[PDB]
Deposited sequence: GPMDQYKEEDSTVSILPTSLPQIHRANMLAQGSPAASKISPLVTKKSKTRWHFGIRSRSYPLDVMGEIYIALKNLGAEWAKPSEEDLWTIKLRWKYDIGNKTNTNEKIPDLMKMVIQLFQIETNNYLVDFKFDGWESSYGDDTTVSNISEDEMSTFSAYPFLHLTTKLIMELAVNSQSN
């Protein structure tokens, strides 16, 4: 019934072999493109080997040089930065949080918090600026 087929000469192995039999010089020279699709390892935020106050110090310096503002933190939330960034609402809100993985291993978590007088790309672009500023200052 079905006359739906895959054209055999369209397959790489037959196409190559026909080109080689035709004597073509480029048959042996040209190799098939092998795209090594390597699985990327993903992490939330960025990790740091420095210690809490040092890390928190580094982050604030970056924030300040990048022109951001932030709230005054209380005793219960020292490792939380409630910030605002200039970049129709005008100011983007972010919440940065420091977590502990191990005694020498810490994670800097970045969270989009909204807008003040949906798409994550403005947020993603800004964190990009922030991540880059932090890498220089190291």
Hey, which stretches of the deposited sequence didn't make it into the model? 1-9, 97-107, 138-155, 177-179
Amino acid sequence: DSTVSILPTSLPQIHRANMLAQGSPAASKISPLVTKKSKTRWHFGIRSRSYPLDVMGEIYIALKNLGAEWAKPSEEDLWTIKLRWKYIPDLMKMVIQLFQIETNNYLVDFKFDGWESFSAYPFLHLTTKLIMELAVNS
From here on, numbers count along this sequence of modelled residues.
Please determine whether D90 lacks coordinates in at least a third of the other PDB entries of this protein that model its flanking residues. no
At least a third of the other compared entries lacking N104? no
Which has the higher mean CA temperature factor in the PDB entry, 30-38 or 59-67? 30-38
The stretch carrying the higher mean Cα B factor in the deposited entry, 16-24 or 118-126, is 16-24
Using the B-factor values recorded in the entry, state whether the Cα atom of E76 falls in the lowest, middle or highest third among the modelled residues of its chain. highest
Ranking the modelled residues of this chain by C-alpha B-factor as given in the entry, is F110 in the lowest, middle or highest third? lowest
Of the three thirds of the chain ranked by Cα temperature factor, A135 occupies the highest
